[PDB]
Amino acid sequence: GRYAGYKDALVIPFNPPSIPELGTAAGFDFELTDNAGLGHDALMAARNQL
Amino acid sequence: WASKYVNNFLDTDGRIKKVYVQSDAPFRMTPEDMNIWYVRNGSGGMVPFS
């Protein structure tokens, strides 16, 4: 409530998980990679596209 | 004659890679080629290996 309406910063309150290494059961972790030596700009173009 | 690894450069594929210095082949093939090579002395003048 206090900080969602706050222009100066992004503030995320949260209760730490008991075992953080597990993340969330619904969660997925993906790695988009530059496999042809196409460069940072191309990889982030792809990131934003995806 | 032996060639020398100087340092690394960033090839256009983004991978760090090597930089070598050596004589071009025509000037390091035969014992008469070593006469072509000039050092320079404390005075700024070129002196041949011969």
# chains A, B, ... in the order shown; residues from 1 in each chain; ligands from 1
>>> interface_residues(of="chain B", to="chain A", cutoff="8 Å", atoms="only C-alpha atoms", output="list in words")
residues 12, 13 and 14 of chain B
>>> select_by_dssp(residues="chain B", states="strand (DSSP E or B)", output="JSON list (two decimals) with C-alpha atoms, in the first residue's frame")
[["chain", "number", "residue", "atom", "x", "y", "z"],
["B", 4, "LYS", "CA", 55.43, -14.58, -29.75],
["B", 5, "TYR", "CA", 52.03, -14.55, -28.10],
["B", 6, "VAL", "CA", 51.42, -10.91, -27.19],
["B", 7, "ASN", "CA", 47.95, -10.64, -25.67],
["B", 8, "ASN", "CA", 44.23, -11.30, -26.31],
["B", 9, "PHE", "CA", 41.74, -9.62, -28.63],
["B", 10, "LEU", "CA", 37.98, -9.92, -28.92],
["B", 16, "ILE", "CA", 38.44, -13.86, -26.43],
["B", 17, "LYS", "CA", 41.27, -15.13, -28.63],
["B", 18, "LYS", "CA", 45.03, -14.82, -29.11],
["B", 19, "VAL", "CA", 47.37, -12.35, -30.89],
["B", 20, "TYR", "CA", 50.72, -13.60, -32.23],
["B", 21, "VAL", "CA", 53.68, -11.87, -33.86],
["B", 38, "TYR", "CA", 68.25, -5.73, -38.27],
["B", 39, "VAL", "CA", 68.48, -4.86, -34.60],
["B", 40, "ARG", "CA", 69.05, -1.30, -33.51],
["B", 46, "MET", "CA", 70.05, -0.34, -37.49],
["B", 47, "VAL", "CA", 72.74, -3.01, -37.38],
["B", 48, "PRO", "CA", 72.33, -6.27, -39.32]]
>>> select_by_dssp(residues="chain B", states="helix (DSSP H, G or I)", output="list in words")
residues 25, 26, 27, 33, 34, 35 and 36 of chain B
>>> closest_residue(among="B:49, B:3, B:36, B:11", to="residue B:23", atoms="only C-alpha atoms")
B:3
>>> atom_distance(atom1="atom CA of residue A:50", atom2="atom CA of residue A:10")
23.9 Å
>>> residues_around(residues="residue A:32", least_positions_apart="6", cutoff="10 Å", atoms="only C-alpha atoms", output="PyMOL selection string")
chain A and resi 43-44+46-47+50
>>> write_last_selection(atoms="C-alpha atoms", output="PDB file, in the first residue's frame")
ATOM      1  CA  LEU A  43      20.471 -11.499 -27.981  1.00  0.00           C
ATOM      2  CA  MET A  44      18.561  -8.695 -26.250  1.00  0.00           C
ATOM      3  CA  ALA A  46      15.604 -11.758 -29.071  1.00  0.00           C
ATOM      4  CA  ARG A  47      14.944 -11.345 -25.303  1.00  0.00           C
ATOM      5  CA  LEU A  50      10.409 -13.469 -26.603  1.00  0.00           C
TER       6      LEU A  50
END
>>> atom_distance(atom1="atom CA of residue B:50", atom2="atom CA of residue B:30")
14.0 Å
>>> atom_distance(atom1="atom CA of residue A:13", atom2="atom CA of residue A:1")
10.4 Å
